[PDB]
Amino acid sequence: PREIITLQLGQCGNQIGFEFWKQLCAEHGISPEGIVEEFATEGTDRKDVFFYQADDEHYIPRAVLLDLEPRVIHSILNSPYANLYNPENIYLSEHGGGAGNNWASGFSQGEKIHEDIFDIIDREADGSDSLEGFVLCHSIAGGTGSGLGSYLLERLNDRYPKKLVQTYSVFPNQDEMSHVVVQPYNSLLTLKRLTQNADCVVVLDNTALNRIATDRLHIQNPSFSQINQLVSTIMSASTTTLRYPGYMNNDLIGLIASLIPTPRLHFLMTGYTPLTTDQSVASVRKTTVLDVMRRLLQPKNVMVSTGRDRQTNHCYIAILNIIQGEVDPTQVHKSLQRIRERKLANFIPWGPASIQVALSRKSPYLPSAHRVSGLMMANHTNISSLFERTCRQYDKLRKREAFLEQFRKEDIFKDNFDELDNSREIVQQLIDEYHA
Amino acid sequence: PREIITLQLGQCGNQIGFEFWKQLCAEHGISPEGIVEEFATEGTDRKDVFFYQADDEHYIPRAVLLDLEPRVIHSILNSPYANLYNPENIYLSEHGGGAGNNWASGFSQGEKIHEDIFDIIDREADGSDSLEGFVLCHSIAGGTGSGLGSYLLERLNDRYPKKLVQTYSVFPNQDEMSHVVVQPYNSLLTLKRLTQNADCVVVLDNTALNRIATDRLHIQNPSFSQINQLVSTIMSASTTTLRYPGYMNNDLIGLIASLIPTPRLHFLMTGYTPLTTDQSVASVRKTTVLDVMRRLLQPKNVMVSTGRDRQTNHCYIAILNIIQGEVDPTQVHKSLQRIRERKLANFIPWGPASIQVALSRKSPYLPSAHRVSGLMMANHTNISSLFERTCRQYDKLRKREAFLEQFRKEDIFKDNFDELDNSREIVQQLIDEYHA
Amino acid sequence: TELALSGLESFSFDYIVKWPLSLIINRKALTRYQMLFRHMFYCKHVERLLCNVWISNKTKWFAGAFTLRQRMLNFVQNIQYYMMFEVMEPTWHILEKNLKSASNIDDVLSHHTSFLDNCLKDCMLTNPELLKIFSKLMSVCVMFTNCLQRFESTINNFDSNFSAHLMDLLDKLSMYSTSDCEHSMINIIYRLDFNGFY
Amino acid sequence: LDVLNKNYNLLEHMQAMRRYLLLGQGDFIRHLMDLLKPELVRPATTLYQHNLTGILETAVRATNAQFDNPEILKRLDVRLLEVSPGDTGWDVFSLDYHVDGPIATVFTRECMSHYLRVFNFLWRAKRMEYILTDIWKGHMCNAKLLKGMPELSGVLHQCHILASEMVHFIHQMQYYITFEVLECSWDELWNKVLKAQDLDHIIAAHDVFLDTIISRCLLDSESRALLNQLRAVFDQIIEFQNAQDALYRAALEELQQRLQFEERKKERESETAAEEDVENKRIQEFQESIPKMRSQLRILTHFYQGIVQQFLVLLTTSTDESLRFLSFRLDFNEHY
């Protein structure tokens, strides 16, 4: 019916998808090894849209996880949520990889394991006779997720041409350049494949993570154990129309169709306010829907590093405001009434704009059926500031003679560096041209 | 909506803003790590005007704290109110700074950390699509708060031109000149930026603090632990129309608009009477509002060192008298009846004057819903006596050959000393000219 | 009553109420409420735009242009606190007598409707020519926004225009001093003799 | 109210009919309408009935594992018209809620006869949502396969913008007019039936319910200005669709012969003037078919500009009912 195959790949893409499947059992009322609660069918009306359909009421995840590093998968099998995963769909015990840290490693390893990489991931494709598409849950940081992920964006474009492609990709961190220095090279090589060899992306910045991780979360030493908490909730938040029973844009080709203006303009800004557990003691007094979307357009919950004074000459075109759970829908048109009076979104002068609001009932659970949740999927034309940030860090590195002799020994014979530079400037010029 | 970003900066500006946020939880009925009381929404009708809006009913403070000295921030994390602060909005653990004691240190450090200082403080700007403005909660004493604070008064004037700027700045102490000697230099350099690169200030004298700290408080050895008690109450007192539900001048651009006569005349005199805890046993007999504003215009609660015999040729133009909590509003027009009979405020002979009184209900708390509170925001033209005090201590120091060779080695090539002297005399001449 | 609005908008609020609560808050009483909401929103509508213009200007002929605005703003901040306060003290007095007396329902109905007639007469204060000076006050708001879009002869045209409503303010103050010594006029004298000692 | 709850659950059938004829739940009707489309593209025949009951029973099984327990699938059937077999076939299919005994006490002949009228507009609303889903996937299908030609790169680019103007304007209008009438009527009837205590007040709340909603959905004697513009956008949305794959197909097949002729260039060296003449013929057919798609686009956007202007004025004239609510909504969509 609407079966999606997630493509978890890389050192960071496997960990953000590990707790994504772990989030799904707590809201479906199911255990990874059994069914102890009856809340799975009376409370939740649809479960076989991301999981594989049941053979013994065991909803297998439709997931594949490949990585060169064996460290990310050795921290999985000792956890009690790995018995839900199957040891025959992806790998058996003692799976390995390369050495290995290179973008050209996984780019060259795709055609030497070409027979095996297109054998076991295609067995899940013909399980349903109407496949939705493929989401590449991969990474941009490092050479593991960026090297091999650029290969599958090409060969799955023609072997599966009538399928939706759209990824929840995480952006790397640009604070210092000591541990990694190959960061401007492997990022722009995948970013070219994300626009012409891929339809849509969902950007997730790393410098904007610790802006939120010290905002309300109150940590002193930033660890990697907090990167899975902001990411796994908004992943399950994006499929609330798709997993839980909704009516309009209840498919993944429903939501993405109403937000993309044009190809190579698909970078969607994400926002999510409620992350604090001591808000729970004051949501008993009928906290309404009239105050939760006034702060979405206000740049506080954003996960995109952008300029603060560059929003006057930029214009919103498509903005999504997803409320979940208890909505009190007699005032949801009242919340959309107050949008035109502030004009917090700058509107495009050539065409109409749209503020789309939708709702779906959440899990039968006490932290879910009590507190209001707001998921934002914006589309603003100030996203070229990240593309100006990455390009200015790209041409400055090529004048310092950095990784021009250390990178072209394997499988690179011609200069494909300006092939990425002009196509990035094509994106940056067509964005500003789009508001005439 | 009406979100203000506080800019806590310097050795003294960070400590006066630390208990300012600590004062706000005791009156909102909230804990810095949880919500244990239900008094936050039924008693207080508005909370998201200085805090960040909630994600889990955890009202994050919209605060940034930068200082060269790491001593002020190491006395924060062991206190149990630091978990409300976030370790990703400003800094993570082990943040440092300079060596360091110079006005030219922070003035030169602003353009070498120019990329990072305009990156994470702008993430809170786009959280709300209608930003109120910026308050620079900085210091004039020392070279830490005065050196770096003069840089942000220039670059935020054009990058954010449509925002209100107004600061609660503390004046340094002029008793002896042994420990610090650079006090006339770094003060006048920031005082030029406070008039043309800044709209309004709120003056807070240091020699007038120990006038009050030995008046009713009865201390023998003056410590720095008392400087946060007079300052944090009047900060929360100034936003009682803004935090608590009021009607008129309920914004920060409401109060400051009705008091400023002209640019470069914005120095507001502050007054606050009730600071004694043994007054509580006799406020049970209906202590009225008719006696609390007779002592505001009487020079007893003032925090400005001014001349006592210089008030006959000077005239009040704008005077604010803020009552809080229990007001008994059937006699608040009766209190304003008695103002014209005494004429304790000298009125300007060229134009009208105004005695503005306003009220707002206080916190649902027993020391707050019982005792009358009076906050004064005066504007009197005897404020040039401080400007005559600072200028006479400025030209006397330049004839003693003090810090003319020890100050111009770094980033100073021309004599900008008379650039501060004439602009200060422009303020002092236009004040006396303003009453024709 | 038989008067019209003082702007362009036909906007107002109406409260929906049914039996037996319609016996005490009447549909005729909603029309008495509908007149006071139009007056109080319009001077609040003025206070918003004027305050925004002042903040924009904040962010000599320009010192005199700030001098007319601060004089006119402090005039309109004081008068509208007076309207807010001297509505509010009949509000606490009308609250207390429903607590002091209440033993009949047609009494507390007629107690409430006689209160709205006091509020209606306080907003029928702008009947003969005051609604013309509030619109002449509004035409020099929009004439000052026509030069907000332009950034001096324009400033002395404003000094001529801001002295024009000053002489009409004393005309409205002269109209405030004329009746047979009734209480609402005595109310409007001490509030405007408050405006006299300034 | 004991008799209502002990057997033949009447209040539950009031909610169960909203998921099918009012289309309150989408995962049912979308897993229908995916499978239902390969039968509706052809004209209806005399064998049209026997397979759609099997298309029905497979699709209510693929979405349910617990809906076998109530008696709802036996009280819902399919409804076809007497229309001649020379039609498109899309307008024949409709679902109806069947009644047999005491459920037919609260449901008369006059109730489901109006439910056929509320279904046909809402089926056509979901018809426009799913055939335009096909052309949106058709935007992303042909564009990935034609990369290699520098002319046709910017040719599809402005076509995708002017198609997106019709996509976003249909979306913020069609999603909002049905969800609002869903909102005012679900919260009017379902909360009232358990606070009134009768049989005749259950139906008195019901027989005012089911004619409030259709008068806000489609049908009124004064609503002739409504459907005349909602059908003028309903045939323009077909005219915009069939002209696209009349020109996308001409854009894609002509590029397939270009790539296989490139493969013949390397094999002739391992195993020429006329070969250049056939390439110049390809470029000329590439040249002709670009203003062929342009000129049809200039005719299409002039029709859509005439539709969007006529949709405003012809919605603002009827006789003083809740049309001030309807005239509030369409100017909010085009400007914001």
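All chain A residue numbers match Swiss-Prot; in order, they span 2-437.
Using N, Cα and C of the backbone, Cβ positions are placed for all residues, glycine too.
Over in Swiss-Prot, the protein carries these features:
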type: BINDING; residues: A:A142, A:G143, A:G144, A:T145, A:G146, A:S147, A:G148; note: GTP binding site
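A map of Swiss-Prot features onto the structure.
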{"residue": "A:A142", "record": "GTP binding site", "CB count, 10 Å": "21"}
{"residue": "A:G143", "record": "GTP binding site", "CB count, 10 Å": "24"}
{"residue": "A:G144", "record": "GTP binding site", "CB count, 10 Å": "24"}
{"residue": "A:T145", "record": "GTP binding site", "CB count, 10 Å": "30"}
{"residue": "A:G146", "record": "GTP binding site", "CB count, 10 Å": "32"}
{"residue": "A:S147", "record": "GTP binding site", "CB count, 10 Å": "30"}
{"residue": "A:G148", "record": "GTP binding site", "CB count, 10 Å": "26"}
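Listed in chain order, the extra residues whose Cβ falls within 8 Å of the Cβ center of the GTP site residues A:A142, A:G143, A:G144, A:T145, A:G146, A:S147, A:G148 are A:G11, A:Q12, A:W104, A:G107, A:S140, A:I141, A:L149, A:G150, A:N187.
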